[PDB]
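The structure appears right after this line, and notes come after that.
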Amino acid sequence: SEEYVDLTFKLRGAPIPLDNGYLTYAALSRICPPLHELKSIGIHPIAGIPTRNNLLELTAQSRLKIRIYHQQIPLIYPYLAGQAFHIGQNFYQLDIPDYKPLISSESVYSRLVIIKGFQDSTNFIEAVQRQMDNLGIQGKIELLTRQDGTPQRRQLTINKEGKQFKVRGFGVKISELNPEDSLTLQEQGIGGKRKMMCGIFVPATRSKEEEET
RNA sequence: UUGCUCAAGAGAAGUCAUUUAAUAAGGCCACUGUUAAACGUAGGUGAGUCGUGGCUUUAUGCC
């Protein structure tokens, strides 16, 4: 539980696209070299009130949250404490960070998970189950659905070099974990693209938040 | 030159021989340094798009 920490920063600035994974990751790596080589690090989605043009308006509860092992914080704290970064032509500022624990919950949820070479929902469930066994985890797999009930896919736009690649993923909800296995899931996660702002798992209330709108 | 003129109280000697201020005594018997306290201000919850390329052994990860 407390053996892993979620670094939270009060984030303020211009409104941000809702598929801003690579943008914020690249900006952070620009203002933090060691972030580009760490392994067990991941970033929580940035909350807020969205807009009509697929952009998110940052609010008071909007904050940049980073999942990290407690034995690697001193490699990231110098480059982010009070620091500011630019996403394109927009200015973003981070305050003094605060530490939040990894709490267990009965059910978990992930906004976007991607595993290479899996586009259909059924094989995605099978692959998430395979990674699920690889971690010694027990639970049941469900996919978050749209208003239509269709499983909801989310897309990440990595704008590497001149080109840009498309990676599509699903929202995965897993329940009945038992708190120890729940903590293992939130800390490991599924998908691997945790630096890419996808694989972090969260308690199940945010799943309802995303399913309402 | 003065009721004066001159004028030694002088020579010599143990204050000595001997003695316990001693014999006996509790400064004792009873006591909580106790009952209470953050190294600590604190500023809170909201999200949508469709089908994959450069590295890596399929898988799976990095961009």
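Naming works like this for the structure tokens: A, B, ... for the chains as they're shown, residue 1 at the start of each chain, ligands 1 onward in shown order.
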Could you give me, as a Markdown table, every region 154-205 of chain A residue with an atom at most 10 Å from region 15-22 of chain A, plus its closest atom pair and distance in Å to one decimal, counting only C-alpha atoms, rows ordered by chain then number?
```
| residue | atom | partner | partner_atom | distance |
| --- | --- | --- | --- | --- |
| A:154 | CA | A:19 | CA | 8.4 |
| A:155 | CA | A:19 | CA | 7.1 |
| A:156 | CA | A:19 | CA | 5.9 |
| A:157 | CA | A:19 | CA | 6.9 |
| A:158 | CA | A:22 | CA | 5.5 |
| A:159 | CA | A:22 | CA | 7.2 |
| A:160 | CA | A:22 | CA | 8.7 |
| A:193 | CA | A:21 | CA | 9.8 |
| A:194 | CA | A:21 | CA | 9.7 |
| A:195 | CA | A:21 | CA | 8.5 |
| A:196 | CA | A:21 | CA | 5.6 |
| A:197 | CA | A:21 | CA | 5.2 |
| A:198 | CA | A:21 | CA | 7.7 |
```
Go ahead and write the selection's residues with C-alpha atoms as a compact mmCIF listing (two decimals), in the first residue's frame.
```txt
# COMPACT_ATOMS: atom_id res chain seq x y z
CA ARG A 154 -9.93 5.38 -26.46
CA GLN A 155 -7.18 6.47 -28.82
CA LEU A 156 -3.66 7.75 -28.14
CA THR A 157 -1.95 9.96 -30.73
CA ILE A 158 1.84 9.64 -30.50
CA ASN A 159 3.21 12.44 -32.71
CA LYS A 160 6.67 10.95 -33.08
CA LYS A 193 2.22 2.39 -21.56
CA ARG A 194 2.15 3.91 -18.08
CA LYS A 195 4.65 6.57 -19.09
CA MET A 196 2.25 7.03 -22.01
CA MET A 197 -0.48 8.05 -19.54
CA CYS A 198 -2.61 4.91 -20.05
```
Just the residues within 6 Å of region 90-93 of chain A, please, counting only C-alpha atoms (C1' of nucleotides), with nothing from its chain fewer than 3 positions along; format it as a compact mmCIF listing (two decimals) with C-alpha atoms, in the first residue's frame.
```txt
# COMPACT_ATOMS: atom_id res chain seq x y z
CA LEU A 11 -1.61 21.89 -12.26
CA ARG A 12 -2.82 25.15 -13.81
CA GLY A 13 -2.74 26.65 -17.28
CA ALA A 14 -4.35 26.56 -20.70
CA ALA A 84 6.86 24.80 -15.27
CA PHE A 85 6.67 23.24 -18.73
CA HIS A 86 5.25 24.08 -22.15
CA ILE A 87 2.88 21.90 -24.18
```
_Please return, as a PyMOL selection string, all residues of region 1-212 of chain A that DSSP assigns to strand (DSSP E or B) on the basis of the backbone._
chain A and resi 4-13+16-17+42-44+49-50+55-57+63-69+84-87+90-94+98-101+107-113+140-143+145+151+153-158+165-175+202-203
*Within 9 Å of residue 176 (chain A), counting only C-alpha atoms (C1' of nucleotides), which residues show up once you throw out same-chain ones fewer than 5 positions away? Write them as a PyMOL selection string, please.*
chain A and resi 106-108+138-140+182
Those same residues, written as an mmCIF file, in the first residue's frame with C-alpha atoms?
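Output file part.cif is given in full below:
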```cif
data_model
loop_
_atom_site.group_PDB
_atom_site.id
_atom_site.type_symbol
_atom_site.label_atom_id
_atom_site.label_comp_id
_atom_site.auth_asym_id
_atom_site.auth_seq_id
_atom_site.Cartn_x
_atom_site.Cartn_y
_atom_site.Cartn_z
ATOM 1 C CA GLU A 106 -13.031 -3.579 -3.828
ATOM 2 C CA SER A 107 -13.129 -2.798 -7.575
ATOM 3 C CA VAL A 108 -10.678 -0.995 -9.883
ATOM 4 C CA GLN A 138 -7.658 -12.854 -9.273
ATOM 5 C CA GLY A 139 -10.706 -10.999 -10.572
ATOM 6 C CA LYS A 140 -13.307 -10.691 -13.307
ATOM 7 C CA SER A 182 -5.991 -4.895 -5.660
#
```
*Select all residues from chain A having any atom no more than 8 Å from an atom of chain B (counting only C-alpha atoms (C1' of nucleotides), ignoring ligands), output as a PyMOL selection string.*
chain A and resi 18+47-50+56+61+116-117+119+152-155+160+165-168+192+209-210+213
*Between CA of residue 123 (chain A) and CA of residue 171 (chain A), distance in Å (one decimal)*: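 The value is 13.9 Å.
The spacing separating CA of residue 115 (chain A) from CA of residue 130 (chain A) amounts to 11.1 Å.
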